[PDB]
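In the entry's author numbering, the protein residues as written are 24 to 293.
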Amino acid sequence: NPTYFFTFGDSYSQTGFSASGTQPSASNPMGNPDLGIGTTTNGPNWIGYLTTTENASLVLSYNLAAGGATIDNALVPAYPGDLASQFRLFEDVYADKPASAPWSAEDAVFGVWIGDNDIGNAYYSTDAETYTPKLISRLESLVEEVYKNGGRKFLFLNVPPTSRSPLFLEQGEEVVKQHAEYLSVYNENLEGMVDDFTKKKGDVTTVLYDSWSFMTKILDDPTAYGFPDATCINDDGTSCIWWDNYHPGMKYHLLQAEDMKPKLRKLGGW
Numbered sequence: 024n025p026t027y028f029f030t031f032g033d034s035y036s037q038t039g040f041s042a043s044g045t046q047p048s049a050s051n052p053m054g055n056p057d058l059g060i061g062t063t064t065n066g067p068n069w070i071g072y073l074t075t076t077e078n079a080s081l082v083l084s085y086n087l088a089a090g091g092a093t094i095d096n097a098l099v100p101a102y103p104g105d106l107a108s109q110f111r112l113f114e115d116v117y118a119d120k121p122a123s124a125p126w127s128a129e130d131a132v133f134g135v136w137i138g139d140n141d142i143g144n145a146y147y148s149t150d151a152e153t154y155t156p157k158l159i160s161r162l163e164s165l166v167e168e169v170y171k172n173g174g175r176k177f178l179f180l181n182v183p184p185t186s187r188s189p190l191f192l193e194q195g196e197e198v199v200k201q202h203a204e205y206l207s208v209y210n211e212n213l214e215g216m217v218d219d220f221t222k223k224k225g226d227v228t229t230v231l232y233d234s235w236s237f238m239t240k241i242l243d244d245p246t247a248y249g250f251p252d253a254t255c256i257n258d259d260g261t262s263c264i265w266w267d268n269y270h271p272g273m274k275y276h277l278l279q280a281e282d283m284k285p286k287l288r289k290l291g292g293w
């Protein structure tokens with residue numbers, strides 16, 4: 024009895040899954056591409072680990088995340104595959120519960136990790152207090168589309184401290200600070216939305232995962248986690264926290280997935 028895990032997000036979540044590629048099955052839970060391909064980590068990412076390593080029962084992964092995505096190109100634009108377009112792909116192929124993904128309220132989990140690229144492209148040009156609610160409201164409206172389809176179990180990840188990626192550190196401490204302060208307001212508004220949605224609906228099971236505090240703990244004490252420092256880059260994905268100047272490697276993603284497992288038990292697959 025599988026859990027259907029539909030995910031939405033950006034390069035921290037992409038695996039290159041195609042809706043016309045091989046579809047998830049018990050023998051092939053990611054569908055496509057092979058587990059460990061298509062990511063920004065040198066191997067599996069958090070979704071691959073949650074699906075195949077941390078799972079307590081069969082999890083089938085339909086991963087619609089796309090590189091560089093923002094929430095909606097009508098707000099902060101970037102690439103064609105914004106979160107809105109990912110939700111449209113879901114509506115076009117999976118929302119109506121086809122034989123290849125015959126999901127129900129009791130066995131579908133919708134995971135969303137989004138907002139980093141919106142912050143990264145708006146943190147110096149917009150007022151966080153009045154602009155981040157517009158981003159969060161659009162996210163909520165997209166979540167409502169899945170609710171109307173019958174989705175009831177939701178996983179939201181807050182934005183991690185990308186302010187401390189090598190890419191941002193190179194821009195100076197005051198830019199790190201400006202970006203971090205904006206990011207904090209987004210994450211507060213995300214938590215508020217998730218709380219309000221949960222209470223207003225009354226029939227949903229939700230998890231807000233604080234990726235920000237977890238990664239911050241590792242960046243603040245990297246050697247406790249087997250990393251030599253908090254800034255080095257290594258594309259092996261394991262020798263350093265960072266796989267390139269902006270994206271963490273498979274070791275970080277595994278540590279995060281292991282941290283998430285206990286917090287995901289109420290969602291059915293862990």
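We put the beta carbon where it would ideally sit given N, CA and C, even for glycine.
Provide the residue(s) that pair with residue i in DSSP beta bridges, ordered along the chain.
i    : result
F28  : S84, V132
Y232 : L180
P271 : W265
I256 : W265
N51  : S48
Taking the beta carbon of residue i as the centre, do at least 16 other beta carbons fall within 10 Å, making it buried, or is it exposed?
i           : result
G71         : buried
residue 308 : Outside the shown range of the chain (24 to 293) lies residue 308, about which nothing can therefore be said.
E77         : buried
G215        : exposed
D244        : exposed
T45         : exposed
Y209        : buried
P25         : buried
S164        : exposed
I137        : buried
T74         : buried
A253        : buried
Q194        : exposed
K176        : buried
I94         : buried
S36         : buried
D139        : buried
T38         : buried
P52         : buried
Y205        : buried
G54         : buried
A145        : buried
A92         : buried
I60         : exposed
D57         : exposed
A122        : exposed
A97         : exposed
Throw me the rounded Cβ distance for the residue i and residue j pair, which I believe falls under 8 Å.
i          : j    : result
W235       : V198 : With 8 Å as the limit, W235 and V198 do not qualify as a contact, their Cβ atoms being about 18 Å apart.
residue 18 : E129 : The question about residue 18 has no answer, for the chain in this structure spans 24 to 293.
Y85        : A118 : Not quite, the Cβ-Cβ distance comes to about 11 Å (not below 8 Å), so this is no contact.
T228       : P184 : Between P184 and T228 the Cβ distance is about 28 Å, and since that is not below 8 Å, they are no contact.
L180       : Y232 : 5 Å
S80        : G292 : 6 Å
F133       : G174 : 5 Å
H202       : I159 : Rounded, the Cβ-Cβ distance is 18 Å, inconsistent with contact.
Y27        : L83  : 5 Å
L178       : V230 : 5 Å
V166       : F220 : 7 Å
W69        : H276 : 5 Å
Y147       : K224 : At roughly 36 Å, the Cβ-Cβ gap does not stay under 8 Å, so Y147 and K224 are not in contact.
The stretch 88–108 contacting the stretch 246–257, beta-carbon criterion three pairs below 8 Å: No, the stretch 88–108 is not in contact with the stretch 246–257.
Unbroken stretches of the alpha helix (DSSP H), 4 residues or longer, contained in the stretch 68–127: 69–75, 106–116
Validate contact between the stretch 268–275 and the stretch 56–75 using beta carbons, cut 8 Å, 3 pairs: yes
Contained beta strand (DSSP E) runs [length at least 3] in the stretch 204–249, N- to C-terminal order: Runs found: 228–232.
Inter-stretch contact (C-beta, 8 Å, three-pair minimum) for the stretch 25–36 and the stretch 104–118: These segments touch.
The stretch 41–55 in contact with the stretch 135–155 per 3-pair CB rule at 8 Å: no
Ranges of the alpha helix (DSSP H) found wholly within the stretch 144–176, counting only runs of at least 4: 151–172
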